[PDB]
Every structure is written in C-alpha cells, then in structure tokens.
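Descriptive analysis of the structure
Spelled out from the first residue to the last, the chains are:
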Amino acid sequence: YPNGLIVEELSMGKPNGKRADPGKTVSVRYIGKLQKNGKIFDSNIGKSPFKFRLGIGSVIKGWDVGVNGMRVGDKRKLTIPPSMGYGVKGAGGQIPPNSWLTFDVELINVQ
Ligand SMILES: C=CC[C@@H]1/C=C(\C)C[C@H](C)C[C@H](OC)[C@H]2O[C@@](O)(C(=O)C(=O)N3CCCC[C@H]3C(=O)O[C@H](/C(C)=C/[C@@H]3CC[C@@H](O)[C@H](OC)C3)[C@H](C)[C@@H](O)CC1=O)[C@H](C)C[C@@H]2OC
Ligand SMILES: [Cl-]
Ligand SMILES: [Cl-]
Ligand SMILES: [Cl-]
Ligand SMILES: [Cl-]
Ligand SMILES: [Cl-]
Ligand SMILES: [Cl-]
Ligand SMILES: [Cl-]
Ligand SMILES: [Cl-]
Ligand SMILES: [Cl-]
Ligand SMILES: [Cl-]
Ligand SMILES: [Cl-]
Ligand SMILES: [Cl-]
Ligand SMILES: [Cl-]
Ligand SMILES: [Cl-]
C-alpha cells in the first residue's frame, strides 16, 4: 500500500480547460468505492453535480489533494488511505471504519 494518496490520470480533458485551484468552487462527477473489495457506495452520475470549495477541508483530504490541478474534462482515479478519508469513523453507514477508498472523478466546472 502506498505511504500516501495515489492520483492517476485516466483521461485528459480540455488542454486549456478551467483549472481547479484552491478557493474555487469546483463541480465534480464521481463514483466512490471501497478499495478492499471494490464495492460501490455512491455516485452522482445522472444526478446533480457535486460542488465543493477546493482546499477548505470540507471534503476528505484525499479529495482536496486529489482534485487539485484538474482541468475541465479531466478524469482521475484517487486511491485514498484511511487517514485521508474518514479514518476510524467511517461514514454514511456505508464506509466501515478504517477504509481505504477509491474514487473515479471528472471535473465538470470551476467557478
Ligand atoms: C455539514 C454538513 C452536512 C453535509 C452532508 C450532506 C450534503 C449529505 C450528503 C449525503 C453528503 C455526501 O454526499 C455529497 C455523502 O457522500 C458519500 O456518499 C461520498 O461519496 C463521499 O465520501 N464524499 C462525497 C463526495 C466528496 C467526497 C466525500 C466527502 O468528502 O463528503 C463530505 C464529507 C461527508 C465530509 C466529512 C465531513 C465531516 C468531517 O469530520 C470528515 O472528516 C474526515 C469529512 C461531504 C460532501 C460534506 O462536505 C458535506 C456534509 O457533510 C459518503 C460516503 C456519505 C456522505 O453522506 C454523509
Ligand atoms: Cl497517471
Ligand atoms: Cl487522454
Ligand atoms: Cl473534455
Ligand atoms: Cl473550461
Ligand atoms: Cl451525468
Ligand atoms: Cl482554499
Ligand atoms: Cl480554509
Ligand atoms: Cl497549469
Ligand atoms: Cl492512513
Ligand atoms: Cl486514520
Ligand atoms: Cl460524515
Ligand atoms: Cl464491506
Ligand atoms: Cl481497507
Ligand atoms: Cl467506474
């Protein structure tokens, strides 16, 4: 297992697409999964866009680090250690304690 977060480029969007920088409100399409078994716990595909302010710590740390630097249309895979996810708490009744997480993410907009 990695010492920290792994971020993989799955595909590149627009070369001059707006860039996700700290302080921006960014809009992301995602699928979240438990890394240990691949079970999917959430997606917003076909639902409303998920917006968050990058860098303020409202999302798990793996997202604040992992989404940073994306340009619109980029797709990334995030592999997130427990300390950069929900740690001993878990979440949603869906993520057990001490879970490694995987997310597929696509940047849709930057505001
Ligand atoms: C305070 C206002 C309530 C507000 C609640 C809602 C809008 C309800 C709505 C269903 C929330 C999420 O859906 C958008 C839902 O998302 C999941 O399904 C999911 O896929 C996930 O993991 N996501 C969502 C996408 C961004 C990454 C991550 C996250 O970081 O989510 C964030 C998260 C839970 C962070 C905690 C916050 C507390 C810290 O202590 C902890 O610190 C480690 C990290 C979300 C976006 C928060 O910022 C927003 C809120 O909490 C969880 C499996 C379960 C979670 O429902 C609970
Ligand atoms: Cl890569
Ligand atoms: Cl590409
Ligand atoms: Cl694109
Ligand atoms: Cl753009
Ligand atoms: Cl969609
Ligand atoms: Cl910020
Ligand atoms: Cl802040
Ligand atoms: Cl750049
Ligand atoms: Cl960890
Ligand atoms: Cl932890
Ligand atoms: Cl929570
Ligand atoms: Cl499980
Ligand atoms: Cl795990
Ligand atoms: Cl997928």
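A short tour of the structure in this document, coming up.

Take the site of ligand 1 next. In the vicinity of ligand 1, the contacting residues are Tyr30, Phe41, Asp42, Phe50, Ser58, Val59, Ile60, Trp63, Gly85, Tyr86, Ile95 and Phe103. A distance of 2.7 Å is found between an oxygen atom of ligand 1 and a backbone nitrogen or oxygen belonging to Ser58. Measuring from an oxygen atom of ligand 1, one finds a backbone N or O atom of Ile60 at 3.0 Å. Relative to its free-state accessible area of 940 Å², ligand 1 is covered by the protein chains to the extent of 48%.

As a further point, take the pattern of salt bridges. Applying the stated criterion across every chain yields a total of three salt bridges. A salt bridge links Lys33 to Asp104; the nearest nitrogen and oxygen atoms lie 2.7 Å apart. Placement of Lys33 in strand 2 (residues 25-34) and of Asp104 in strand 6 (residues 101-110) is noted, with a sequence separation of 71 residues between them. Neither residue differs from the other here; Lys33 and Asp104 are each classed as buried. A salt bridge links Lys75 to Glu106; the nearest nitrogen and oxygen atoms lie 4.0 Å apart. Here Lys75, found in strand 5 (residues 75-80), pairs with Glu106, found in strand 6; they are 31 residues apart in sequence, far enough to count as distant. Taking relative accessible area as the criterion, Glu106 reaches 15% and is therefore assigned buried.

About the criteria used
- Residues numbered from 1 in each chain as written, not as in the entry; some residues may be left out.
- Chains lettered and ligands numbered in written order.
- Heavy atoms only, no water.
- Residues with missing side-chain atoms left out of burial classes, pairs and counts.
- Near = heavy atom within 4 Å.
- Polar contact = N/O pair within 3.5 Å; in protein donor to acceptor, adjacent residues only side chain to side chain.
- Areas by Shrake-Rupley, 256 points an atom, 1.4 Å probe, with all protein chains shown as cover.
- Salt bridge = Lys/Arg side-chain N within 4 Å of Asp/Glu carboxyl O.
- Helix = DSSP H or I, 4+ residues; strand = E, 2+ residues; numbered from the N terminus.
- Buried < 20%, exposed > 50% of the residue type's maximum accessible area, 1.4 Å probe, protein only.

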